[PDB]
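Chemist: One structure, as structure tokens, below. Some questions next.
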Protein chains: 2
Amino acid sequence: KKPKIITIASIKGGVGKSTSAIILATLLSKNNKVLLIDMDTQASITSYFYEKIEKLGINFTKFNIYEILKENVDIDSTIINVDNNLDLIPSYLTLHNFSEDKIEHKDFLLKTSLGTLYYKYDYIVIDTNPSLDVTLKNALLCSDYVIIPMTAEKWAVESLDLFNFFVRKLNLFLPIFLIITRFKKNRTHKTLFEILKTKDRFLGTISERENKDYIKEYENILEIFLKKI
Amino acid sequence: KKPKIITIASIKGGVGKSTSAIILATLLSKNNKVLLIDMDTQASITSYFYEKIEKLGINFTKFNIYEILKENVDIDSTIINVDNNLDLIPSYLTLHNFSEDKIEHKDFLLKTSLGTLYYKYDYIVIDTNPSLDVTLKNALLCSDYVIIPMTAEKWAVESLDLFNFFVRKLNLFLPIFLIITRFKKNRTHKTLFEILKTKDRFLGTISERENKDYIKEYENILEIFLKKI
């Protein structure tokens with residue numbers, strides 16, 4: 001076995017990227033050992049788990065993805081058991097410095113650090129900034145798969161082409177899966193859904209929601225995801 | 001005189017950066033000619049005026065901020081009159097590739113382009129992405145003033161210092177003004193407020209709210225800003 005590495009990406013903010021990362025990781029953790037890596041400067045994943053992190057007394061100020069990236073700390077030192085079968089490498093606001101940092105072989109830092117990791121996971125789920133930036137490159141050059149939660153807004157198709165172009169540029173051959181989030185049974189979603197539904201990499205829909213109905217929709221998605229890999 | 005150029009910036013998303021840009025520019029527009037420059041990859045400002053942009057039939061796939069930065073079009077031809085005394089240079093998804101394009105003197109592209117603008121404005125309000133990136137650098141190096149909206153979240157103060165360290169380093173002359181947005185009466189907002197209210201360039205607070213009272217809060221902010229420059 002080896003870890004199956006999934007990047008959660010979206011070029012649009014507020015479309016449920018980080019929310020999906022958490023819920024998907026959590027569903028996978030029911031029967032798998034899972035690592036979540038919070039490479040989003042927003043740090044929404046780390047903040048979701050903050051109560052658990054504080055209670056464990058973790059010094060994420062010193063042990064976080066940015067410091068892994070700058071090789072000031074080993075990855076082995078940053079890993080937090082935040083839930084059943086679920087580990088986390090947390091994000092911290094110094095990550096904001098990463099786009100401007102001048103580093104040799106900058107794109108392959110996460111790949112290189114993941115190459116040293118002792119601990120073995122079934123799945124690694126990496127959350128990213130909604131930007132086609134150097135962080136996203138570090139994730140993609142690591143990955144086996146990508147999932148893009150996206151909404152039925154103007155420029156949905158075009159954004160897909162934009163993202164694919166970027167991936168092609170990295171000379172990668174990655175399956176990129178699609179999820180329509182904030183879904184409503186209305187006109188504009190029907191237009192996007194009809195275009196998307198015929199893609200082999202389309203996974204399904206998650207309804208807008210202000211054991212629940214949302215979890216089941218995510219379980220569905222996962223089910224289909226696992227049938228296509 | 002000459003245009004006064006304000007960048008609205010924040011290194012945290014979902015803090016009302018774009019909304020602030022829109023309302024401050026709209027208020028300024030009552031008695032001034034104002035240009036809004038949508039340099040956020042999110043394109044929220046453009047999306048807010050999209051109904052008017054579409055009624056006008058504009059091709060902002062070709063006439064947009066990214067195409068300016070790449071010197072494929074003249075800035076004059078990108079300008080859209082979106083409201084009373086209010087112009088817009090729109091954003092389009094291709095702005096996402098700007099972080100990775102390799103370009104000489106890349107930091108000064110916006111400043112150079114602004115030097116080819118025929119039209120004269122009283123104020124230019126520039127909206128940016130929540131990142132310490134090259135897009136932010138273009139805005140800042142054009143600008144006379146910076147306004148940062150922020151909210152009472154964990155690491156608000158540390159993030160502000162980081163942004164300061166970034167902004168100071170590429171222009172230590174740039175005044176940085178502060179707003180607290182999404183404001184609520186509770187311990188953790190009170191604490192940020194106690195900290196920020198004593199900073200020379202603190203402007204005030206906007207309440208969380210889903211003619212209005214919040215407009216008049218923006219009016220108060222604009223009033224105290226205009227008195228301080």
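Residue numbers start at 1 in each chain; chains themselves are named A, B, ... in the order of the structure tokens; ligands are numbered from 1 in the order shown.
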Could you find all residues in segment 14-201 of chain A that DSSP calls strand (DSSP E) from the backbone, and write them as a ChimeraX atom specification?
Modeler: /A:34-38,80-83,86-89,123-127,145-150,176-183
Chemist: Go ahead and save the residues from that selection, with N, CA and C atoms, as a tab-separated table (two decimals), in the first residue's frame.
Modeler:
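Listing of result38.tsv after writing:
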```
chain	number	residue	atom	x	y	z
A	34	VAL	N	-6.25	8.67	8.16
A	34	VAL	CA	-6.28	9.85	7.30
A	34	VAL	C	-5.47	10.98	7.90
A	35	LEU	N	-4.67	11.62	7.04
A	35	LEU	CA	-4.00	12.90	7.32
A	35	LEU	C	-4.64	14.05	6.50
A	36	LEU	N	-5.01	15.10	7.20
A	36	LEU	CA	-5.50	16.33	6.63
A	36	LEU	C	-4.34	17.30	6.73
A	37	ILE	N	-4.02	17.95	5.62
A	37	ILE	CA	-2.97	18.98	5.61
A	37	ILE	C	-3.61	20.31	5.21
A	38	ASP	N	-3.54	21.27	6.13
A	38	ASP	CA	-4.20	22.56	5.97
A	38	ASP	C	-3.17	23.51	5.38
A	80	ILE	N	-0.96	16.02	14.42
A	80	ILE	CA	-1.91	16.08	15.54
A	80	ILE	C	-3.11	15.16	15.30
A	81	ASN	N	-3.31	14.24	16.25
A	81	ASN	CA	-4.46	13.37	16.28
A	81	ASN	C	-5.63	14.17	16.73
A	82	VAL	N	-6.39	14.74	15.80
A	82	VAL	CA	-7.50	15.63	16.17
A	82	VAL	C	-8.85	14.94	16.28
A	83	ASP	N	-8.96	13.72	15.76
A	83	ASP	CA	-10.20	12.95	15.82
A	83	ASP	C	-9.93	11.47	15.49
A	86	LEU	N	-7.92	10.30	12.57
A	86	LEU	CA	-7.72	11.53	11.77
A	86	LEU	C	-6.64	12.37	12.38
A	87	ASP	N	-5.60	12.58	11.56
A	87	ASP	CA	-4.50	13.46	11.87
A	87	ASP	C	-4.50	14.76	11.02
A	88	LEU	N	-3.82	15.77	11.55
A	88	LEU	CA	-3.78	17.12	11.01
A	88	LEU	C	-2.37	17.70	11.09
A	89	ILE	N	-1.95	18.33	10.01
A	89	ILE	CA	-0.82	19.24	10.01
A	89	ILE	C	-1.42	20.63	9.91
A	123	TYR	N	-5.10	7.65	3.30
A	123	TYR	CA	-5.39	8.84	2.52
A	123	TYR	C	-4.78	10.07	3.17
A	124	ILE	N	-4.30	11.00	2.33
A	124	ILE	CA	-3.85	12.34	2.71
A	124	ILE	C	-4.75	13.30	1.93
A	125	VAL	N	-5.39	14.24	2.63
A	125	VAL	CA	-6.28	15.20	2.01
A	125	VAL	C	-5.67	16.54	2.31
A	126	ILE	N	-5.40	17.30	1.23
A	126	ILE	CA	-4.70	18.57	1.31
A	126	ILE	C	-5.65	19.70	0.93
A	127	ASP	N	-5.91	20.64	1.84
A	127	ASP	CA	-6.71	21.83	1.51
A	127	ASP	C	-5.78	22.93	1.04
A	145	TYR	N	-4.98	12.61	-6.88
A	145	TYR	CA	-6.31	13.03	-7.30
A	145	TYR	C	-6.58	14.46	-6.85
A	146	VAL	N	-7.53	15.09	-7.51
A	146	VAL	CA	-8.06	16.39	-7.13
A	146	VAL	C	-9.58	16.36	-7.14
A	147	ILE	N	-10.18	17.03	-6.15
A	147	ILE	CA	-11.61	17.24	-6.10
A	147	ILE	C	-11.86	18.73	-6.04
A	148	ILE	N	-12.74	19.21	-6.90
A	148	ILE	CA	-13.05	20.63	-7.01
A	148	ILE	C	-14.52	20.84	-6.67
A	149	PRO	N	-14.80	21.38	-5.46
A	149	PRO	CA	-16.13	21.82	-5.16
A	149	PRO	C	-16.29	23.16	-5.82
A	150	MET	N	-17.38	23.33	-6.55
A	150	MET	CA	-17.61	24.51	-7.34
A	150	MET	C	-19.11	24.78	-7.42
A	176	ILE	N	-9.19	14.86	-12.15
A	176	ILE	CA	-9.80	15.97	-11.45
A	176	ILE	C	-11.31	15.78	-11.36
A	177	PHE	N	-11.81	15.57	-10.15
A	177	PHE	CA	-13.21	15.26	-9.93
A	177	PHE	C	-13.96	16.53	-9.57
A	178	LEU	N	-15.25	16.55	-9.90
A	178	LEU	CA	-16.07	17.74	-9.75
A	178	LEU	C	-17.27	17.47	-8.85
A	179	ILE	N	-17.56	18.45	-8.00
A	179	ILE	CA	-18.71	18.44	-7.12
A	179	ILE	C	-19.41	19.78	-7.22
A	180	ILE	N	-20.72	19.78	-7.38
A	180	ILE	CA	-21.45	21.03	-7.39
A	180	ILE	C	-21.99	21.28	-6.01
A	181	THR	N	-21.46	22.31	-5.35
A	181	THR	CA	-21.87	22.64	-3.99
A	181	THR	C	-22.90	23.74	-4.03
A	182	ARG	N	-23.51	23.98	-2.87
A	182	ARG	CA	-24.58	24.96	-2.72
A	182	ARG	C	-25.68	24.74	-3.76
A	183	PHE	N	-25.89	23.48	-4.09
A	183	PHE	CA	-26.80	23.11	-5.16
A	183	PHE	C	-28.27	23.41	-4.81
```
Chemist: Residues of chain A no more than 9 Å from chain B, counting only C-alpha atoms: send them over as a list in words.
Modeler: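 On the chain A side, the interface is residues 11, 12, 13, 14, 41, 42, 47, 93, 94, 96, 97, 98, 99, 100, 130, 131, 132, 133, 134, 154, 155, 158, 159, 162 and 166 of chain A.
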Chemist: Write out, as a short mmCIF file (atom, residue, chain, number, x, y, z; two decimals), in the first residue's frame, the residues just selected, with N, CA, C and O atoms.
Modeler:
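The file below, again-v1.cif, is the result:
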```
data_model
loop_
_atom_site.label_atom_id
_atom_site.label_comp_id
_atom_site.auth_asym_id
_atom_site.auth_seq_id
_atom_site.Cartn_x
_atom_site.Cartn_y
_atom_site.Cartn_z
N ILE A 11 -10.75 27.62 -7.42
CA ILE A 11 -10.22 28.95 -7.72
C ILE A 11 -11.17 30.04 -7.21
O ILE A 11 -10.82 31.20 -7.18
N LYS A 12 -12.36 29.64 -6.79
CA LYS A 12 -13.29 30.53 -6.13
C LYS A 12 -13.39 30.27 -4.62
O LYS A 12 -13.60 29.14 -4.20
N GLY A 13 -13.23 31.33 -3.82
CA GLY A 13 -13.39 31.27 -2.36
C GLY A 13 -14.84 31.15 -1.92
O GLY A 13 -15.77 31.47 -2.69
N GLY A 14 -15.06 30.64 -0.71
CA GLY A 14 -16.43 30.46 -0.17
C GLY A 14 -17.37 29.47 -0.85
O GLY A 14 -18.55 29.56 -0.69
N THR A 41 -4.04 29.55 3.74
CA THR A 41 -3.69 30.68 4.61
C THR A 41 -4.87 31.04 5.54
O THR A 41 -4.66 31.43 6.66
N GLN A 42 -6.09 30.87 5.06
CA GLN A 42 -7.29 31.08 5.87
C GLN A 42 -7.37 30.18 7.10
O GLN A 42 -7.95 30.57 8.11
N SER A 47 -8.79 25.96 12.43
CA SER A 47 -9.66 26.65 13.34
C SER A 47 -10.86 25.76 13.73
O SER A 47 -11.28 25.75 14.88
N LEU A 93 -0.57 31.57 10.25
CA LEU A 93 -0.64 32.74 9.39
C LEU A 93 0.70 33.10 8.73
O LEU A 93 0.69 33.78 7.73
N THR A 94 1.82 32.61 9.25
CA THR A 94 3.07 32.76 8.58
C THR A 94 3.06 32.11 7.19
O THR A 94 3.87 32.46 6.37
N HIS A 96 1.19 32.80 4.92
CA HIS A 96 1.03 33.96 4.04
C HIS A 96 2.33 34.43 3.40
O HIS A 96 2.31 34.98 2.31
N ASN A 97 3.43 34.24 4.08
CA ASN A 97 4.75 34.59 3.55
C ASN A 97 5.27 33.72 2.40
O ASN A 97 6.17 34.13 1.69
N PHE A 98 4.70 32.53 2.24
CA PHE A 98 5.23 31.52 1.33
C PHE A 98 5.23 31.94 -0.14
O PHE A 98 6.19 31.65 -0.82
N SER A 99 4.19 32.60 -0.64
CA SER A 99 4.19 32.99 -2.08
C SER A 99 5.39 33.83 -2.51
O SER A 99 5.89 33.63 -3.61
N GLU A 100 5.85 34.71 -1.62
CA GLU A 100 6.96 35.62 -1.91
C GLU A 100 8.30 35.06 -1.51
O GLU A 100 9.32 35.59 -1.92
N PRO A 130 -7.75 29.37 -2.53
CA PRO A 130 -8.33 29.49 -3.86
C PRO A 130 -7.53 30.45 -4.79
O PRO A 130 -7.96 31.57 -5.04
N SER A 131 -6.37 29.98 -5.24
CA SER A 131 -5.45 30.72 -6.09
C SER A 131 -4.65 29.70 -6.81
O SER A 131 -4.33 28.67 -6.26
N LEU A 132 -4.27 30.03 -8.03
CA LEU A 132 -3.47 29.17 -8.82
C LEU A 132 -2.05 29.60 -8.50
O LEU A 132 -1.38 30.21 -9.30
N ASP A 133 -1.59 29.25 -7.31
CA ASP A 133 -0.34 29.78 -6.80
C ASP A 133 0.68 28.69 -6.53
O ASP A 133 0.47 27.53 -6.89
N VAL A 134 1.79 29.06 -5.90
CA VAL A 134 2.84 28.11 -5.60
C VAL A 134 2.48 27.01 -4.53
O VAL A 134 3.02 25.92 -4.57
N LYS A 154 -21.51 32.37 -12.78
CA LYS A 154 -21.07 32.74 -14.11
C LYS A 154 -19.60 32.38 -14.11
O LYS A 154 -18.91 32.58 -13.10
N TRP A 155 -19.14 31.80 -15.21
CA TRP A 155 -17.74 31.46 -15.45
C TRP A 155 -17.32 30.11 -14.85
O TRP A 155 -16.13 29.85 -14.69
N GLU A 158 -15.47 28.09 -17.67
CA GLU A 158 -14.20 28.75 -17.95
C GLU A 158 -13.18 28.53 -16.85
O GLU A 158 -11.98 28.47 -17.12
N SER A 159 -13.64 28.42 -15.61
CA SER A 159 -12.73 28.26 -14.48
C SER A 159 -12.15 26.88 -14.48
O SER A 159 -11.01 26.70 -14.09
N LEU A 162 -9.50 26.88 -16.93
CA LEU A 162 -8.37 27.60 -16.36
C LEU A 162 -7.55 26.68 -15.47
O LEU A 162 -6.33 26.63 -15.57
N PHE A 166 -3.67 24.91 -15.97
CA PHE A 166 -2.62 25.12 -15.00
C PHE A 166 -1.95 23.79 -14.69
O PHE A 166 -0.73 23.72 -14.50
#
```
Chemist: If we count only C-alpha atoms and set the cut-off at 8 Å, which residues sit around residue 118 of chain A, ignoring sequence neighbours fewer than 2 positions away in its own chain? Please answer as a list in words.
Modeler: residues 76, 116 and 120 of chain A
Chemist: Per DSSP on the backbone, filter segment 111-170 of chain B down to the residues in alpha helix (DSSP H) and report them as a ChimeraX atom specification.
Modeler: /B:111-114,134-142,156-170
Chemist: Keeping only N, CA, C and O atoms, take the residues you just selected and write them out as a CSV table (one decimal), in the first residue's frame.
Modeler:
```csv
chain,number,residue,atom,x,y,z
B,111,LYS,N,1.3,50.5,-11.7
B,111,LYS,CA,1.7,51.9,-11.6
B,111,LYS,C,2.1,52.5,-13.0
B,111,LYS,O,1.7,53.6,-13.3
B,112,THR,N,2.7,51.7,-13.8
B,112,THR,CA,3.0,52.1,-15.2
B,112,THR,C,1.7,52.3,-16.0
B,112,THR,O,1.6,53.3,-16.7
B,113,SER,N,0.9,51.3,-15.9
B,113,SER,CA,-0.4,51.5,-16.6
B,113,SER,C,-1.2,52.7,-16.2
B,113,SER,O,-1.7,53.4,-17.0
B,114,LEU,N,-1.3,53.0,-14.9
B,114,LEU,CA,-1.9,54.1,-14.4
B,114,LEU,C,-1.3,55.4,-14.9
B,114,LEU,O,-1.9,56.5,-14.9
B,134,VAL,N,1.9,39.3,-5.4
B,134,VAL,CA,2.4,40.3,-6.4
B,134,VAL,C,1.3,41.2,-6.9
B,134,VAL,O,1.5,42.3,-7.2
B,135,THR,N,0.0,40.7,-6.9
B,135,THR,CA,-1.2,41.5,-7.2
B,135,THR,C,-1.3,42.6,-6.1
B,135,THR,O,-1.4,43.8,-6.4
B,136,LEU,N,-1.2,42.2,-4.8
B,136,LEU,CA,-1.2,43.2,-3.8
B,136,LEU,C,-0.1,44.2,-3.9
B,136,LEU,O,-0.2,45.4,-3.7
B,137,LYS,N,1.1,43.7,-4.4
B,137,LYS,CA,2.2,44.6,-4.6
B,137,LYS,C,2.0,45.7,-5.7
B,137,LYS,O,2.3,46.9,-5.5
B,138,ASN,N,1.4,45.3,-6.8
B,138,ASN,CA,1.0,46.2,-7.8
B,138,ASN,C,0.1,47.3,-7.2
B,138,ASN,O,0.4,48.5,-7.4
B,139,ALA,N,-0.9,47.0,-6.4
B,139,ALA,CA,-1.9,47.9,-5.9
B,139,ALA,C,-1.2,48.9,-4.9
B,139,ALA,O,-1.4,50.1,-5.1
B,140,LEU,N,-0.5,48.4,-4.0
B,140,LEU,CA,0.2,49.1,-3.0
B,140,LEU,C,1.2,50.2,-3.5
B,140,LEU,O,1.4,51.2,-2.9
B,141,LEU,N,1.9,49.8,-4.6
B,141,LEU,CA,3.0,50.7,-5.2
B,141,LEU,C,2.4,51.8,-6.0
B,141,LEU,O,3.1,52.7,-6.4
B,142,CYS,N,1.1,51.6,-6.4
B,142,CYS,CA,0.3,52.7,-7.0
B,142,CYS,C,-0.4,53.7,-6.0
B,142,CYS,O,-0.8,54.8,-6.4
B,156,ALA,N,-5.9,37.9,14.8
B,156,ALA,CA,-6.2,39.2,14.1
B,156,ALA,C,-5.0,40.2,14.2
B,156,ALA,O,-4.5,40.7,13.3
B,157,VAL,N,-4.4,40.3,15.5
B,157,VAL,CA,-3.3,41.2,15.7
B,157,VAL,C,-2.0,40.7,15.1
B,157,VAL,O,-1.3,41.5,14.5
B,158,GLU,N,-1.7,39.5,15.2
B,158,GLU,CA,-0.5,38.9,14.6
B,158,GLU,C,-0.6,39.1,13.0
B,158,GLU,O,0.3,39.5,12.4
B,159,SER,N,-1.8,38.9,12.4
B,159,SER,CA,-2.0,39.1,11.0
B,159,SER,C,-1.8,40.5,10.5
B,159,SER,O,-1.1,40.7,9.5
B,160,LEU,N,-2.3,41.4,11.3
B,160,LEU,CA,-2.1,42.8,11.1
B,160,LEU,C,-0.6,43.2,11.1
B,160,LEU,O,-0.1,43.9,10.3
B,161,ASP,N,0.1,42.6,12.1
B,161,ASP,CA,1.6,42.9,12.2
B,161,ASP,C,2.3,42.4,11.0
B,161,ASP,O,3.2,43.0,10.5
B,162,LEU,N,1.9,41.2,10.5
B,162,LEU,CA,2.5,40.6,9.3
B,162,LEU,C,2.2,41.4,8.1
B,162,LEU,O,3.1,41.6,7.2
B,163,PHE,N,1.0,41.9,7.9
B,163,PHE,CA,0.6,42.7,6.8
B,163,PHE,C,1.5,44.0,6.9
B,163,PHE,O,2.1,44.4,6.0
B,164,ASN,N,1.5,44.6,8.1
B,164,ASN,CA,2.4,45.8,8.3
B,164,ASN,C,3.8,45.6,7.9
B,164,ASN,O,4.3,46.3,7.1
B,165,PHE,N,4.4,44.5,8.4
B,165,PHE,CA,5.8,44.1,8.0
B,165,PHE,C,5.9,44.0,6.5
B,165,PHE,O,7.0,44.4,5.9
B,166,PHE,N,4.9,43.4,5.8
B,166,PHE,CA,4.9,43.3,4.4
B,166,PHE,C,4.8,44.7,3.7
B,166,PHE,O,5.6,45.0,2.8
B,167,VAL,N,3.8,45.5,4.1
B,167,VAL,CA,3.5,46.8,3.5
B,167,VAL,C,4.6,47.8,3.7
B,167,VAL,O,5.1,48.4,2.8
B,168,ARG,N,5.1,47.9,5.0
B,168,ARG,CA,6.2,48.8,5.3
B,168,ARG,C,7.4,48.6,4.5
B,168,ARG,O,8.0,49.5,4.0
B,169,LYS,N,7.7,47.3,4.2
B,169,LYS,CA,8.9,46.9,3.5
B,169,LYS,C,9.0,47.3,2.1
B,169,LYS,O,10.0,47.8,1.6
B,170,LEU,N,7.8,47.3,1.4
B,170,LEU,CA,7.8,47.8,0.0
B,170,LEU,C,7.3,49.3,-0.1
B,170,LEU,O,7.6,49.9,-1.1
```
